[PDB]
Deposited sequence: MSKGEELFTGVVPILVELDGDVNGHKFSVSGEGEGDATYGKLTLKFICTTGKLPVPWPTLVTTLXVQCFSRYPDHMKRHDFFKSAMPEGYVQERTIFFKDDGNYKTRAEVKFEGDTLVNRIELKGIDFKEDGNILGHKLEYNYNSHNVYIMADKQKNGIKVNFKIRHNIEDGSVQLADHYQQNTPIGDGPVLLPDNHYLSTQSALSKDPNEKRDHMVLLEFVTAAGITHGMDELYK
């Protein structure tokens, strides 16, 4: 199918984010590639404005699910690729337990041969000495599932999942994710039966990079049906 055939090989990815968390403004630029055949993402992100004011792990979810590997028998449930190349809008509200929330809006679409994720992020109600603004979270990311359901009213999908960031003292910082995706184009898209995406991500540092940055290797596979 249309959307599907755009992901059979390696595709270059660009990510651009502008954010404002409790008035702390910043920008992040990411570059890399995705290979949906193996549900693989390899990306390096840079805070182009200086020091990132929130921990990098808290931006992982915000920073292209069209690269998830959907098993052959689940192909009709792949909303993400079906919306390409025109793309989709991805919106979220992320509630950090006992702290603030991020609200994000992004447009994911192809620009030529490149898959682009343009994002705006707004964070409010954070505690200036909490786990986020106080940088008390470990530089890692636990594996977890992403639950997807059809949202027929919006010709898109509704997604929810819980993320637990690791606090340096051994505790955990819950980040409840509520997500919606709707197509940008007016073409038909695939509305899925309930299923989930199994996601794992390894975070590292470029030993030769002096700017504040994050190197990420991520694998995502759809599951939950037959």
What are the unmodelled segments when the structure is compared with the full deposited sequence, in sequence order?
1, 65, 229-236
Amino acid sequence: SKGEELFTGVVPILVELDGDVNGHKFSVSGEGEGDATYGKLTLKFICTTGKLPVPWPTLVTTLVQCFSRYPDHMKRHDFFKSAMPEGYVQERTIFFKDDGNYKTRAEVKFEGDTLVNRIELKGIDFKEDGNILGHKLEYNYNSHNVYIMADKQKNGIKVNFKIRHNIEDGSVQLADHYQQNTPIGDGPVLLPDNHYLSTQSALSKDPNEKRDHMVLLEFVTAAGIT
From here on, numbers count along this sequence of modelled residues.
Please compare 146-154 with 116-124 and name the stretch with the higher mean C-alpha B-factor in the deposited structure.
146-154
Averaging the C-alpha temperature factors as deposited, the higher value of 48-56 versus 185-193 falls on 185-193
Looking at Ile94, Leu137, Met84, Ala106, which has the highest CA B-factor as recorded?
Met84
C-alpha B factor of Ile132, ranked within the chain: lowest, middle or highest third?
middle
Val15 by Cα B-factor - lowest, middle or highest third of the modelled chain:
lowest
Of the three thirds of its chain by CA temperature factor, lowest, middle or highest, which one includes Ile167?
middle
In terms of the chain's CA B-factor thirds, is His24 lowest, middle or highest?
middle
Taking the C-alpha B-factors as the PDB entry records them, is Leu41 in the lowest, middle or highest third of its chain?
middle
